[PDB]
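Working notes, structure below.
Cβ placement follows ideal geometry from the backbone for every residue including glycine, while neighbour counts extend to all protein chains displayed. Only the coordinates and a few stated rules stand behind these numbers; no lab work does.
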Amino acid sequence: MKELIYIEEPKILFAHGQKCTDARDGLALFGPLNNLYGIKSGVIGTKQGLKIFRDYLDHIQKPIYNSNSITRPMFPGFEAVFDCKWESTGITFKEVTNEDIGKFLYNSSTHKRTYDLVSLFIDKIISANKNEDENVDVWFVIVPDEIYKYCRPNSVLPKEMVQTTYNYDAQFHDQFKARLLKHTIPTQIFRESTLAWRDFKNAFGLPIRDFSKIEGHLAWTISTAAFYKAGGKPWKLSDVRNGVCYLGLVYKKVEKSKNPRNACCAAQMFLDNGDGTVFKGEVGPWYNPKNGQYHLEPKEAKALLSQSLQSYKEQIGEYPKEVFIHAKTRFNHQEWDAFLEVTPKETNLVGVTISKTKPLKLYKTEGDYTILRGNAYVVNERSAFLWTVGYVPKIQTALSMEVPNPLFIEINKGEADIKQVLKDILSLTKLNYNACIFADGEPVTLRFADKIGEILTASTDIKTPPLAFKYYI
Amino acid sequence: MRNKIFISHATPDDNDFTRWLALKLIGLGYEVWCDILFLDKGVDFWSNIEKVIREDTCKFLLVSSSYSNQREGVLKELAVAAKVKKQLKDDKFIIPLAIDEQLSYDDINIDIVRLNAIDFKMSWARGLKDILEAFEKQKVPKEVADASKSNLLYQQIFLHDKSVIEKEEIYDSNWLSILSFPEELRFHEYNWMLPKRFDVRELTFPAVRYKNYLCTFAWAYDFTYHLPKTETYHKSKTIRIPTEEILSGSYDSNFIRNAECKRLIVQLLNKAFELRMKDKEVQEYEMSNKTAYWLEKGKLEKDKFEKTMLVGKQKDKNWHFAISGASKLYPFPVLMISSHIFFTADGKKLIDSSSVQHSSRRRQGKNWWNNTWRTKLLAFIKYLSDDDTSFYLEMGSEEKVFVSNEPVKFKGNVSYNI
RNA sequence: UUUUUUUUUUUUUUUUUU
DNA sequence: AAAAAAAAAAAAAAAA
């Protein structure tokens, strides 16, 4: 019989200085932190596809009700929660004809098909940005489903459907968000099925993407993402101590260049003078030769840590007192030695390795519910387990579906207090602006770093990418 | 009838909180009067407020803050409310609300110091919960109105019913404790007696080829059947190590390092586990990285060991519970076990389509909850048992590794309830 | 790609040993 | 060409 500690649930700050562990409840009662007067949404897609977007925006104007409100809070309407005008009136529409899609879509080569489809949308979006008077905060790309079916790797166009550049990714979404980076245009790619799904029909008659029970949560996740992409701050962390920078390093392969080249990208959060949080990516992608190195050479590690420390000093005035570098990979001494010259004497540099690989599964004795979320097993002063995914009473159910697995948090380098390290990762898991859920199973630095890397390893000609998450998620 | 909730407050300064509170109370079906949103334009405001407090005010809510203590209008409305409190004979008429942390309880206006206040300083949601509970207890009339929006809002505010409670709880893991190890890890230098082009994996007891030494916990002449050249081996050529020192990590030298000596123990333990599963006659499904062992149909009675079924029937697809294990020595000496489901169309032949197996596994696991996995896991492990407390791994003719069939139990100080 | 989660089918690198 | 301990890429399903 071994000890199993519990960490207090992290709270996130809302309007009026009010705090709440949940995000849906926090917005439903107090609203967002900042006020956006309105969202001018530009829509690019078919005439048929604009109807579904108009219908769904009109839908989310009214309150939305799900079957079981205790697990998922009901959606009270966009203006009710965000105090922001998001009307179907004033949507700048760009015409993407079905014939134009069919000209490119019906191609045997996946790569050229993806490139042509993405070019079709991006050219119109750029022309609208440059050559029109209307101002668009966020550009919703309503995309069909056959394109989704046949514009991603390992998709085989049927031979009966065949009618008729490789330096880019074969995936539509990644390449799309990659090529728009030099223009800094916030976008939101929507499938037509993810929108008003009920008209999508299968053989048996039931809807394929049945969201009837989960209408409220779908509206919650769409509204929060749209509000974030328009420049709104839905919530903010309250438990973060002053003088701490975090950083999250994730290594992504690059196929276009010979050898995977192991691009490394980082997501950074620290605090600002005051109380505001500064959650921006810190990506200068530092490419790493060798097939499976996943480890940074001293020059590139020096560049990464320097750029991270300057992005802190130029925003606060002084150096961080303690950096807590999170990573999915285990550091060897080569990067740490290179890091230590860059860090001055005052700074305390800490490296943390987080993993899902460890097969530990805590089943409780009786009752068809899983372990409480927040439980942690501290193996020793340097390593620990944390059940970030599990049962939490407020949402009335487990965040997982089957029995989950904890996060193997190991302080690979530096000293750090293990309890304090586990006190921050649990707080990290609450800043997911791409989704309005109770909490995420992985710390947001390693997640948004993963996204910002999956976007920047799709384009060959990207130079000095933007550091805002608006352009990435 | 008096069915209004007057909210006196600082109207230029305390405007935002008062607006939010009034809106929330209206959304709950509570009729509310307040100057900022209910006072009519172009009217004698004092006469209207007089009428509201004297005649229609069911309950009086005084928003107390640093500004609200000593400015004239708030005091005037409070005095009128006190007169109405005397007239109605209702000691609970005035319910002051404190939203200012800086507002010390010593310097509050005496007329409301005597009264009890509802705490809004730390959170505006616990205060709302307290107000609602007091109003339900004190029986303030509410017109139900929406009856769905209002009820679900009441659920959303009362968020409070579900929190962590302090209570010790027992949890069962999937870590099968390794109870004992053989005394010595032996490196027999068979050298030329061991064929260089031979498969050490085919040896009965588990043995790893390291340099020219054979890594095994077994006896020197225990491999004579597969190696006839080793019959003339000399036992003085062994470099046996005190296994406990390897587990501690104390032993380290040029011959073997600590990292590379414990890595050889894990492979030995895994191979012994595999050989035991071969001994137990359980069929195996080859996975991508590990291998998992699933139990046939008809091998055990009713396909249900103890009181837990391990193989069931689903459409034309028989589902089988299977486990895969791996030894790890970093945290503890343990044998981690992971659960899996594999499907057979006839009960003897596995389905060759990986996609079909994945889909069927998802279909069967959509509804397998905590005790729907734990009970099967403990049933399978108990079925692998040789005695009442553990089962042994055949690693030597005289050396055995006893792994318990009772997983390491965990204990948390906090819990919850249905 | 509204999501999140749990799986699985791949494939790799490093360490040392031959 | 083995092993164990550490790695990312990708499709599939179910519920959030």
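Among the residues examined, B:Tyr225 does not qualify as away from chain A (no Cβ under 14 Å), crowded, with 18+ Cβ neighbours inside 10 Å, more than 16 Å from RNA strand C (Cβ to nearest atom) and of a type in the set (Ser, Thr, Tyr).
Residue count for segment B:135-146, restricted to those that are more than 21 Å from A:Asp25 (Cβ to Cβ) and assigned to a loop (DSSP other than H, G, I, E, B): 8. Would you confirm whether or not segment A:268-282 contains a residue that is within 14 Å of RNA strand C (Cβ to nearest atom) and within 30 Å of A:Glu79 (Cβ to Cβ)? Within segment A:268-282, none of the residues are within 14 Å of RNA strand C (Cβ to nearest atom) and within 30 Å of A:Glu79 (Cβ to Cβ). Taken together, the criteria exclude A:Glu415 from residues that are near RNA strand C (Cβ under 10 Å from one of its atoms), over 22 Å from A:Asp450 (Cβ atoms) and surrounded by fewer than 19 Cβ atoms within 10 Å (Cβ to Cβ).
Entry remark, segment B:289-318: residues being part of a loop (DSSP other than H, G, I, E, B) and within 28 Å of the chain's Cα centre (by Cα) number 5 in total.
Let's see how each residue does on (1) of a type in the set (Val, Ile, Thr); (2) more than 12 Å from DNA strand D (Cβ to nearest atom):
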position: B:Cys215; (1), (2): no, no
position: B:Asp222; (1), (2): no, yes
position: B:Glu231; (1), (2): no, yes
position: B:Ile239; (1), (2): yes, yes
position: B:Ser253; (1), (2): no, yes
position: B:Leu275; (1), (2): no, yes
position: B:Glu286; (1), (2): no, yes
position: B:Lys290; (1), (2): no, no
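Checking the stated criteria, A:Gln315 turns out not to satisfy the condition of being surrounded by fewer than 17 Cβ atoms within 10 Å (Cβ to Cβ) and within 16 Å of RNA strand C (Cβ to nearest atom). In segment B:308-338, the residue that is surrounded by the fewest Cβ atoms within 10 Å (Cβ to Cβ) out of those that are away from RNA strand C (no atom under 16 Å from the Cβ) and more than 14 Å from every other protein chain (Cβ to nearest Cβ) is B:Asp316.
One line per residue, one yes/no per condition, for (1) surrounded by 20 or more Cβ atoms within 10 Å (Cβ to Cβ); (2) in a helix (DSSP H, G or I):
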| residue | (1), (2) |
| --- | --- |
| A:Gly26 | yes, yes |
| A:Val43 | yes, no |
| A:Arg54 | no, yes |
| A:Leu57 | yes, yes |
| A:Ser67 | no, no |
| A:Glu87 | no, no |
| A:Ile91 | no, no |
| A:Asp100 | no, yes |
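Beta carbons closer than 7 Å, at least 6 apart along the sequence or on distinct chains, pair a first residue in segment B:140-167 that is more than 7 Å from chain A (Cβ to nearest Cβ) with a second that is exposed (fewer than 12 other Cβ atoms within 10 Å of the Cβ) for B:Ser150/B:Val144.
Filter segment A:328-368 down to the residues that are within 16 Å of DNA strand D (Cβ to nearest atom) and in contact with a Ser or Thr (Cβ under 6 Å, 6 or more places away or on another chain) and list them by number. The answer is A:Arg330, A:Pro359.
With respect to being closer than 23 Å to B:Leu23 by Cα and in contact with a strand residue (DSSP E or B) (Cβ under 6 Å, 6 or more places away or on another chain), A:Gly77 falls outside the description. Output the residue which, of all residues in segment A:225-256 that are in a loop (DSSP other than H, G, I, E, B) and within 13 Å of DNA strand D (Cβ to nearest atom), is surrounded by the most Cβ atoms within 10 Å (Cβ to Cβ). The extreme case among them is A:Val254. For segment A:375-404, the tally of residues that are more than 22 Å from the chain's Cα centre (by Cα), assigned to a loop (DSSP other than H, G, I, E, B) and facing chain B (nearest Cβ under 9 Å) stands at 5.
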